[PDB]
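Visitor: Structure for the following, please:
(chains A, B and C, ligands or ions: 3)
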Amino acid sequence: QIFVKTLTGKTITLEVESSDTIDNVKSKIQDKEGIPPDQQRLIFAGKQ
Amino acid sequence: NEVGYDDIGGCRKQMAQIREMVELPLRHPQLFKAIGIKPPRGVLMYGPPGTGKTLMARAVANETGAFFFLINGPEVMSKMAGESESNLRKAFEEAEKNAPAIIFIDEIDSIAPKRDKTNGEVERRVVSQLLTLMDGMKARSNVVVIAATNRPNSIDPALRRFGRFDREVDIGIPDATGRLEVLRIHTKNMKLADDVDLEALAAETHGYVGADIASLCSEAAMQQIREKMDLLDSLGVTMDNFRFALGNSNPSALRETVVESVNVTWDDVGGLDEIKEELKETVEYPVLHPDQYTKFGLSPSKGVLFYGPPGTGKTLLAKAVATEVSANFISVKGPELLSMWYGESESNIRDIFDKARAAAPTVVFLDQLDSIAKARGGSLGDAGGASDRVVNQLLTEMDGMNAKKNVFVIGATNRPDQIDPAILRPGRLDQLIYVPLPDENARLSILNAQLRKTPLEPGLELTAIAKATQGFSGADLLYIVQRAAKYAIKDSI
Amino acid sequence: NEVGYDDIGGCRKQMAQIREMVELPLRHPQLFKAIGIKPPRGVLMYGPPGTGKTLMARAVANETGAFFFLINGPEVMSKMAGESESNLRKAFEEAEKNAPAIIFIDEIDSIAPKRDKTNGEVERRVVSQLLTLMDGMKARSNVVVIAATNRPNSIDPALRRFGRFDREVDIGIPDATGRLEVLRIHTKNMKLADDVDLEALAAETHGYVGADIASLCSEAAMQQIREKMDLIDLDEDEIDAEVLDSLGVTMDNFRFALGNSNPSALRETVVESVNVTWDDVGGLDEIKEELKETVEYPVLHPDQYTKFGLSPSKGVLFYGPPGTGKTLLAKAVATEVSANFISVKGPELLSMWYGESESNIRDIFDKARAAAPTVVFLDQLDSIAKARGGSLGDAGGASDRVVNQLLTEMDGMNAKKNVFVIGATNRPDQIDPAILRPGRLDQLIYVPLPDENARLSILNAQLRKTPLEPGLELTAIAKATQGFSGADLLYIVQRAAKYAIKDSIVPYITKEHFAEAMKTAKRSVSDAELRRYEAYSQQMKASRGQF
Ligand SMILES: Nc1ncnc2c1ncn2[C@@H]1O[C@H](COP(=O)(O)OP(=O)(O)OP(=O)(O)O)[C@@H](O)[C@H]1O
Ligand SMILES: Nc1ncnc2c1ncn2[C@@H]1O[C@H](COP(=O)(O)OP(=O)(O)OP(=O)(O)O)[C@@H](O)[C@H]1O
Ligand SMILES: Nc1ncnc2c1ncn2[C@@H]1O[C@H](COP(=O)(O)OP(=O)(O)OP(=O)(O)O)[C@@H](O)[C@H]1O
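Guide: Numbering: from 1, shown residues only, chains lettered A, B, ... in the order given. Ligands and ions are numbered 1, 2, ... in the order given. Dropping the coordinates below:
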């Protein structure tokens, strides 16, 4: 004719937010992004 | 802009303990290599808040010549991507490059909790970085680490090792001469009048701390400028401003551990002409003659169980015994029970048991015995492990405590058979003193005791009221005298 | 600075066990080829803190001349999960090419705690990386890994398997000759005085570890500084450098250092023995030679006692009149066989929080195997019946939390592990029949009324802790009580000694303190309870079953 009562407790979280390895950024630089319409980029030649 | 060196009073005993500890080996690399003993590289300061933890560390490090690397508790660990360890590694590396140095870690309890209250993963990463880097100072780099905390039980127990933190310095509450000394160094720049008496203020303020004494002088000056304001000529703080500050304010006992010494003198409980000789051998004779137990070899009985009739028995039969000591009384009571369902059941008592021998003299009163160990210690017990953690620390802290320092416990209840019989184990409760019912020769002096501050006409007979009281205890004597004061003010109405 | 054999002390018998266990795979691998079985790779040291287990690992590495590498505990957890596994892999690769080598790791409890109480993510990260690297390596490079902790069952139980960590080594506290050797190493540079005795300080600190002795002499040397504080102050920056040669730490500074210090590693009971003889209690000689026939005969002749098919006499009991010397005999039962012994009691050790109520009996089972021999003893068996429970009717049992771990492993251990349970109750009518069975308590040792005519010899060995009067009065002090044993005889002593605090600001002990003490001559143990069990002492053979 009796009872059992017990509560609980929690811990939410911690974070660091660590990212961006160096090998991904070196591949991130050597690319293209697009050029409007007529914004050619050119070639050039010389030094015969 | 910093504080001096002699701006701390009352803590002179702990000052001389710490002046030889952290100041003398810092300025003197000799007399330790010649003696062949390496100096300690860690100290720990703890005690009640508002006692001078953060003040004494800045005072002892300024006027000695040092580097004084300051580091705060909650300011670390608030970083991102795990750079609190690099802020700790650069802290100890830059200190030893320009030795002598002092690394004062303030609020270390907010950095290192116990391993059962761990939170996340960055809390484990900074307590193991501190334990590794503390061991790296064995090269005698003249670096002293000072750590200040508030709760020594909530800290991680792996910090007190041989080399990390060997010495601990406890800062207690000041006495009547100690609280008077802080009042001299707090009214230095204040314009005072002549009606003030600092000896009477220190004698009235018993349960005051090193921070409450700063509130007594600053509130009386704020009260005085609220009077003097009309169309800065004379602002001497008067006695009535300090008397008003005693009334509207309060000491640090905001339902915390109680700091008071409310005791009554003799002939305040009626009779006792054959019972007063039975109580003088338990709180006076271990204090007046301690050598009688050390010469023989007996353990002094620091505990006396009290039980009696209704009316009296709880406080006025126990607080009238310790008139000669008048120390701080830290008591457990009704609301001090299992309020938190996890941990804070006997951990609120662990700082009562361990501090009774560290902050001696300290008298601990125990009451409400039918609300702590009634069903748990019986034959039926507790089945499930829900709240069976109450009858264990009350018994295992008995054999672990010896009579090295001045400890004293008093158990009082209305039902002596409702408590567990292991509380009445031999060796701890060998002296059983029973307070009886006051007879006819004692009930007449009860009516002369609780009628103390009254304009009582001595022409009447108080014996004739007490002669009609046979089964009426001191509560019914209080009941028959409260109605005599109800119609007395009604005569003035 | 490097350490050798002389820089440690106290554990010289314990060090020799670790000596032959690690020097045979390092120096002479030809025994592996001859006997054809794999030598161990992982040892584990444990014990109380401050016993110099890290100093012993540096001593065994430099003297053998192997490639020593140290991996500390909290320095691994100070990093994240990524770089800690890379640092653990680099340590094992350099020791393989430098064979023979010793990879000593420290503080395995911080890396490997008990995992089932906190089912987490990082609790199986660094230990699973270690387990596939420890069991996974195989190159016959005969390298030894040494572990160190403070508790053997605090670590994860999967590490204590075959091939990974098999040999457990306990590091106990040093003896009186052992603690003397610790201070002699630390006082090589301490300029002590001539009055300081070497052997006197060993008997002073009974349960101090080597870390406590090293902090004791430094505090006593610091008191020598504060004693000479008024001679030369600190304002002069070492100007008077000619009086510092007269700095001798004389022996009462060590007496002051003992007065302020406290034992740190004595939060438990004794780990070695207790020493109180059967002559310290008066009489009871009719059971002295009787107990010599049941507990010291099989341990001296293990072949003739077991080749006849007789079971080992593992359990005895003490019963009779309640509280009549059996509580006094709680400590005087270990010195006969002089083995290891730890007393257990209901409100003492098994009434703690949940999870630790069975780990205390686990330590006496590690003492049956790793620290053999052992002696188990439980007193006041009628108070434990409230926790065990009483069987009612014809269908009952003792549904208790602690009796399941007790009764199963107390019969599985053989006679070579030297298990010895001792019982002592106050009334045999308050014994639970579910615990009693034929095979556990078949040895009857009846304790009679403790010799009230000869009880003057009991109190003669009780008043030897205080200088007393030479003209004693021992005419009828204990012969008129007949129910007051040596436990309750202290109350008569407390009657004749509580008056020292009174009549003070002189005689201390008079003859009237014992002559007038016979006014409270009462009897708590009446003769009505003794005569029920005096006939039971000759008829318990017909009632040695259920009740
Ligand atoms: N001798 C003294 N003891 C205690 N307090 C003092 C003393 N002298 C001055 N004080 C007052 O107390 C304050 C210093 O208290 P402190 O900063 O040490 O608080 P604490 O609770 O002791 O430690 P923490 O700052 O970590 O809480 C000062 O502002 C000062 O006015
Ligand atoms: N010498 C005395 N004898 C009897 N009663 C007294 C005496 N002096 C004061 N009293 C009155 O009797 C009361 C004392 O009662 P008390 O507080 O002891 O209650 P109690 O029920 O006895 O305590 P507990 O709750 O521990 O049983 C006080 O309120 C006081 O006014
Ligand atoms: N032979 C010895 N036996 C025991 N103690 C010694 C011995 N030689 C020196 N000591 C002292 O004991 C201490 C050794 O303790 P140690 O540094 O090993 O702590 P520990 O807790 O065992 O290490 P860990 O943190 O790895 O567990 C030293 O400070 C030293 O003064």
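Visitor: contacts, neighbours, all on C-alpha from now
Guide: Will do.
Visitor: In contact with the closest residue to residue A:14 other than its chain neighbours, which residues?
Guide: Leaving aside its sequence neighbours, residue A:14 sits nearest to residue B:120 (Cα to Cα, 6 or more residues apart in numbering or on different chains; 5.4 Å). Residue B:120 is in contact with A:11-14, counting by Cα atoms under 8 Å, 6 or more residues apart in numbering or on different chains.
Visitor: redo that, cut-off 10 Å
Guide: A:11-15 (Cα atoms under 10 Å, 6 or more residues apart in numbering or on different chains).
Visitor: In CSV: those residues, plus secondary structure.
Guide: Formatted as CSV, these follow (DSSP: H, G, I helix; E, B strand; the rest coil):
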residue, secondary structure
A:11, coil
A:12, coil
A:13, coil
A:14, coil
A:15, coil
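Visitor: Pick out the most distant pair among these.
Guide: Pairwise distances across those (Cα to Cα) peak at 12.8 Å, for the pair A:11 and A:15.
Visitor: Closest residue of chain A to ligand 3?
Guide: Here the residue of chain A nearest ligand 3 is residue A:14; by Cα to the nearest ligand atom that distance is 29.0 Å.
Visitor: residues near that residue, how many?
Guide: 11 (other Cα atoms under 10 Å in any protein chain shown).
Visitor: Tell me if I'm right that it and residue B:124 touch.
Guide: No. Residue A:14 lies out of contact with residue B:124 (Cα atoms under 10 Å); the separation is 11.6 Å.
Visitor: Export only the CA atoms of the helix or strand where residue B:124 lies, formatted as PDB.
Guide: If you go by DSSP states H and E, residue B:124 is part of helix B:122-134. Extracted C-alpha coordinates of helix B:122-134, given in PDB (Å, rounded to 0.1, in the frame of the first residue of the first chain):
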ATOM      1  CA  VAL B 122      35.200  20.200 -22.400                       C
ATOM      2  CA  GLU B 123      35.000  20.000 -18.600                       C
ATOM      3  CA  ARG B 124      37.100  16.800 -18.600                       C
ATOM      4  CA  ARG B 125      39.600  18.400 -21.000                       C
ATOM      5  CA  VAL B 126      40.500  21.300 -18.700                       C
ATOM      6  CA  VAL B 127      40.700  19.400 -15.400                       C
ATOM      7  CA  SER B 128      43.200  16.900 -16.900                       C
ATOM      8  CA  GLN B 129      45.200  19.700 -18.400                       C
ATOM      9  CA  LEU B 130      45.500  21.400 -15.000                       C
ATOM     10  CA  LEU B 131      46.600  18.200 -13.300                       C
ATOM     11  CA  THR B 132      49.300  17.500 -15.900                       C
ATOM     12  CA  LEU B 133      50.700  21.100 -15.900                       C
ATOM     13  CA  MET B 134      50.800  21.200 -12.100                       C
END
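Visitor: Quickly check: it near chain C or not.
Guide: Yes. Residues of helix B:122-134 contacting chain C under Cα under 10 Å from any Cα of the partner chain: B:122, B:124-133.
Visitor: and that helix, does that touch chain A?
Guide: Yes. For a cut-off given as Cα under 10 Å from any Cα, helix B:122-134 has contacts with chain A, namely B:122-123.
Visitor: Which stretches in chain A count as helices?
Guide: Applying DSSP state H to chain A gives helices spanning A:22-29.
Visitor: neighbour-wise, which of residue A:11 and residue A:15 wins?
Guide: Each of residue A:11 and residue A:15 has its neighbours counted (other Cα under 10 Å); residue A:15 has more, 12 against 9.
Visitor: which ones are touching the more buried one?
Guide: So residue A:15 contacts B:79-82, B:120-122 (Cα under 10 Å, 6+ apart).
Visitor: any idea which of these has the most stuff around it?
Guide: residue B:122 (22 neighbours).
Visitor: ok, back up a step: then the residue nearest to residue A:14 would be within a strand, right?
Guide: No. Checked against three-state DSSP, residue B:120 lies outside a strand; its state is coil.
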